[PDB]
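Report on the following structure.
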Amino acid sequence: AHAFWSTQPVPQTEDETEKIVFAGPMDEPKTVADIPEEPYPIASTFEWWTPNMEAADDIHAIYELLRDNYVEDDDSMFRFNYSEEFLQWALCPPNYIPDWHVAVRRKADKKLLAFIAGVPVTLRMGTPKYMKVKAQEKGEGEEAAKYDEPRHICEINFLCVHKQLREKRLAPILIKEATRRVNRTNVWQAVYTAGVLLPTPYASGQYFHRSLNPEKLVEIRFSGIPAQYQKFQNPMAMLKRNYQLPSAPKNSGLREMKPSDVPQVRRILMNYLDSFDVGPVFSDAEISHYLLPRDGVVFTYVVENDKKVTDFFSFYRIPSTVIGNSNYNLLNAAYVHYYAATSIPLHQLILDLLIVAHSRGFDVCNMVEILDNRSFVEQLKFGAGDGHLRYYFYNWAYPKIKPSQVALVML
Ligand SMILES: CCCCCCCCCCCCCC(=O)SCCNC(=O)CCNC(=O)[C@H](O)C(C)(C)COP(=O)(O)OP(=O)(O)OC[C@H]1O[C@@H](n2cnc3c(N)ncnc32)[C@H](O)[C@@H]1OP(=O)(O)O
Ligand SMILES: Cc1nn(C)c(C)c1NS(=O)(=O)c1c(Cl)cc(Br)cc1Cl
Ligand SMILES: [Cl-]
């Protein structure tokens, strides 16, 4: 039973989602004028607050709420610690809508109690290729193509209720208020992800992890040791050697992305992402925002030869707090972001990502098996983890797809 989710315009079971053949809306059509003008009611001791996520002190308040109360692993050993600069980056892309950043404060002392954030995304989310084939067989091409045009929707992230307020049904109220604010701007779909199972994913992908500092990852119990390593005199020296990386990039012509690369990077990325069923469409402004290097936040390198950008990769940083180990404060993770290879094998491109990350002090490189990430797992010594990232839409029927048909990277 889902007392809140059963009231919302999402498919309600796996069986229902298995039956979906075409993309399109779930809810009755509505207009802006049908949506309440006034914020959703909340208890008198609380208030809605729209932080200013370019104002250092408002970003710091959200930063502390998430530092202390956002996602943990299942054994409460790690908690994300998104930085203030990452939150400004992630929450304020070009043409962001300040009103889609929604917080609850205690009215008395203005203590931040809860948050949810929406940002605009232009997403291709029409009927997937395998379903378009079926539709053709059956003379239903028109229906299947109806919602092919990329749509200006909301991407939700950073839903967080303070630990002391858990299981009080506040998260439904935050969801309904963000829904309201987004529908008042004439947007009626959202995309979101979660590491938990909710009604009802259109795709799910396992996490994968590439050890860059194995001694630390073992110390903090992120990683362990294959029992096979016991057959050795010295399990840990073997482990270090197994994961060792070059000290410098191997692709000649690799260098950091610069602003003048934006149009070439836009072209090679958009050519590559068009091959997947679900994927974002980025303007030059959005390429600049999401890909130009920002210290401590996003790292992006291009391969340039004959003065042409022919490949690139990016990764972003999320440290996690190491909750139980006295000797390390943080686990410094690099996450595979967007990339495109046209001149070299993808494994050869992504090897230099691992090199760069290691050289910069990262402990592990994480990814979900979206894009073509499965194509370099074994050669680059990524291992599958225990996490699974599920992809969802709000108000959008969508057939089940493999995660290798998803090109949207979630921050
Ligand atoms: C058109 C525009 C649409 C805009 C909106 C689009 C939809 C966006 C949807 C949000 C996308 C977020 C994407 C991310 O940010 S995923 C990251 C989620 N955040 C965390 O995991 C941080 C740690 N945990 C918390 O802060 C709290 O435990 C949260 C806030 C998660 C729940 O708080 P609490 O534990 O205090 O519970 P409650 O009594 O208030 O509420 C219980 C209800 O909440 C449902 N629940 C639990 N977890 C999630 C979850 N991850 N997404 C959606 N629903 C969730 C649960 O099934 C139940 O409903 P029902 O089972 O009774 O029916
Ligand atoms: C390093 C780390 N920080 N946090 C908050 C979690 C859950 C981890 N572990 S993890 O391996 O990288 C991981 C991550 Cl990033 C995301 C999910 Br969903 C599940 C897991 Cl288990
Ligand atoms: Cl793991």
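Side chains are part of it too, since the values below use all heavy atoms of this structure and drop only hydrogens, waters and symmetry mates. Along the sequence shown, the residues carry numbers beginning at 1. Both ligands and their constituent atoms are indexed starting at 1 by order of listing.
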(message) I'd like to check which ligand 2 atoms, numbered from 1 as shown, lie under 4.0 Å from a non-hydrogen atom of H209.
(response) 10 (S), 11 (O), 12 (O)
(request) Just jot down the ligand 2 atoms closer than 4.0 angstrom to any heavy atom of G387, in number order. (result) 19 (C)
From [options] - option closest to [atom] by heavy atom:
{"atom": "atom 30 (C) of ligand 1", "options": "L159, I175, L174, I156", "result": "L159"}
{"atom": "atom 41 (O) of ligand 1", "options": "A3, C160, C154, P172", "result": "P172"}
{"atom": "atom 62 (O) of ligand 1", "options": "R79, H2, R169", "result": "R169"}
{"atom": "atom 57 (O) of ligand 1", "options": "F4, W5, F158", "result": "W5"}
{"atom": "atom 1 (C) of ligand 1", "options": "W188, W396, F393, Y70", "result": "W188"}
{"atom": "atom 21 (Cl) of ligand 2", "options": "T193, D73, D386", "result": "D386"}
{"atom": "atom 40 (O) of ligand 1", "options": "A1, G195, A171", "result": "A171"}
{"atom": "atom 14 (C) of ligand 1", "options": "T179, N69, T193", "result": "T193"}

Is [X] close to ligand 1, meaning an N/O of one under 3.5 Å from an N/O of the other?
{"X": "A190", "result": "no"}
{"X": "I116", "result": "no"}
{"X": "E167", "result": "yes"}

(message) Does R67 have more than 12 heavy atoms from other residues, nucleotides or ligands lying within 6.0 Å of its CZ?
(response) yes
(message) How about CG on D34, more than 12 heavy atoms from neighbouring residues, nucleotides or ligands closer than 6.0 Å, or not?
(response) yes
(request) For atom 46 (N) of ligand 1, grab the closest protein heavy atom and report residue, atom and distance to one decimal in Å. (result) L198 CD2, 4.2 Å
(message) For ligand 2, which is the ligand I care about here, please tell me if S320 has any N or O atom under 3.5 Å from one of the ligand's N or O atoms.
(response) yes
Side chain, backbone, both or neither: which part of [X] has a heavy atom under 4.0 Å from ligand 1?
{"X": "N183", "result": "side chain"}
{"X": "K168", "result": "backbone"}
{"X": "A178", "result": "neither"}

(request) Could you please spell out the steps behind the side-chain contact (heavy atoms from CB on, under 4.5 Å) verdict for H209 and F382? (result) CA-CA 5 Å; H209 313 281; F382 282 79; 5.7 Å; no
(request) For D386 and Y207, test the side chains for any donor-to-acceptor distance below 3.5 angstrom and give the result as yes or no. (result) no
(request) Answer yes if a protein heavy atom lies under 4.0 Å from atom 5 (C) of ligand 2, otherwise answer no. (result) yes
(message) If you define the side chain from C-beta out and look only at heavy atoms, does anything of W188 sit under 4.5 Å from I153?
(response) no
(request) Report the part of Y335 in contact with ligand 2, treating N, CA, C, O as backbone and CB onward as side chain, heavy atoms under 4.0 Å; options are side chain, backbone, both, neither. (result) side chain
(request) Could you see which bit of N366 sits under 4.0 Å from ligand 2, with heavy atoms only: side chain, backbone, both or neither? (result) side chain
